[PDB]
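Just so we're aligned, residue 5 is where the sequence shown starts under the entry's author numbering, counting upward by one.
A virtual CB, placed ideally from N, CA and C, is assigned to each residue, including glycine.
Down below is the structure, laid out as C-alpha cells.
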Amino acid sequence: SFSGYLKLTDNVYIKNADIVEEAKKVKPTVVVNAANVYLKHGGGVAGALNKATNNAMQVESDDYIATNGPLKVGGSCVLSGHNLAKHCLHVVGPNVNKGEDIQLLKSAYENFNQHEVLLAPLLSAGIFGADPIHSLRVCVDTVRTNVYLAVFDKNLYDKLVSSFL
Numbered sequence: 005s006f007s008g009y010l011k012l013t014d015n016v017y018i019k020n021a022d023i024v025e026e027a028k029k030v031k032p033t034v035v036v037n038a039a040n041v042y043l044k045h046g047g048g049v050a051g052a053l054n055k056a057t058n059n060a061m062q063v064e065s066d067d068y069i070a071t072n073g074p075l076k077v078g079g080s081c082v083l084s085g086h087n088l089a090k091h092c093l094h095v096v097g098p099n100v101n102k103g104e105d106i107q108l109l110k111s112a113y114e115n116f117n118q119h120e121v122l123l124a125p126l127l128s129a130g131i132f133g134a135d136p137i138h139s140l141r142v143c144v145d146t147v148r149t150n151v152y153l154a155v156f157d158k159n160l161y162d163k164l165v166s167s168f169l
C-alpha cells in the first residue's frame with residue numbers, strides 16, 4: 005500500500021518522491037509514464053522509468069509503435085510495468101515546449117479513469133513545459149479513480165501543497 009502521502013481530495017494523494025523509487029517499493033498495479041506519441045523515453049519521468057527497466061520499456065515500446073503507430077496527444081496505451089509495476093500506462097500529455105494545445109491535458113488525465121488505482125506523475129509538468137499547479141488542478145477535477153501523485157522536486161511539492169485550493 006502507498007505510504008506517506010498527503011490526501012488532497014477523496015481520491016487524489018500526493019507525495020514528494022522519485023516515482024522510480026516509489027514504483028520499486030510499492031510495485032503498484034499501474035505506474036503512469038509521462039510518454040510522448042512515439043514512446044521515445046529519452047528524458048524526464050519517461051527516461052527515468054525506462055532506465056530503471058534496463059531499457060526493456062523502450063524495446064517493448066518500439067515494437068508497440070512498429071505495430072500500431074504513434075499515440076495521439078491526450079491518448080494512452082497499456083504496456084508492461086516490467087520491474088516497476090504490473091502495468092505501465094503510457095499517457096501523452098500536451099508538450100507546451102512543442103506548441104501543443106494545453107486543453108488536451110484534461111483528455112490525457114481521463115485515461116487514468118480506466119484504472120482503479122495508479123501511481124503517477126503530474127502530466128505535462130517538468131520537461132513537458134506546463135504549469136504543474138495547473139496540472140494538479142486538472143488532475144483533481146478530472147480523475148475520479150485513486151491517484152497517488154509522486155512529485156520529484158521538494159520545492160515544487162511544497163508549492164503544490166501550499167497553493168492547493
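### Query
Alpha carbon to alpha carbon, how far is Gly-51 from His-45?
5 Å
#### Entry: Distance, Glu-120 Cα to residue 2 Cα
As displayed, the chain neither begins before 5 nor continues past 169, which places residue 2 out of reach and without an answer.
### Query
Contact check, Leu-88 vs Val-35 under 8 Å by CB: the rounded distance?
5 Å
### Query
Near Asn-20, what residues of its chain come up, given a Cβ to Cβ distance below 7 Å and the 5 sequence neighbours on each side ignored?
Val-155, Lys-158 and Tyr-161
### Message
When you compare the stretch 14-29 with the stretch 141-153, are there three or more beta-carbon pairs, one atom per stretch, that lie closer than 8 Å?
### Response
yes
### Task
With distances taken Cα to Cα, identify the nearest neighbour of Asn-115 among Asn-72, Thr-146, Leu-10 and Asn-58.
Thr-146
### Message
Here's a check: name, in chain order, each residue in its chain whose Cβ is nearer than 8 Å to the Cβ of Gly-8, leaving out the five neighbours to either side.
### Response
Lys-19 and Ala-21
### Query
Any idea what DSSP makes of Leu-123, helix, strand or coil?
strand
### Query
Hey, out of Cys-81, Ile-23 and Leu-10, whose CA is closest to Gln-118's CA?
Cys-81
#### Entry: Beta-carbon contacts of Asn-101 that lie in its chain and below 6 Å, excluding the five residues immediately before and after
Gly-133
### Query
Given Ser-167, which residues of its chain have a CB within under 8 Å of its CB, disregarding the five upstream and five downstream residues?
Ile-137
### Query
Do you know offhand how far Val-95's Cα is from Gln-62's?
15 Å
### Task
State the beta-bridge partners of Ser-80 as determined by DSSP.
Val-95
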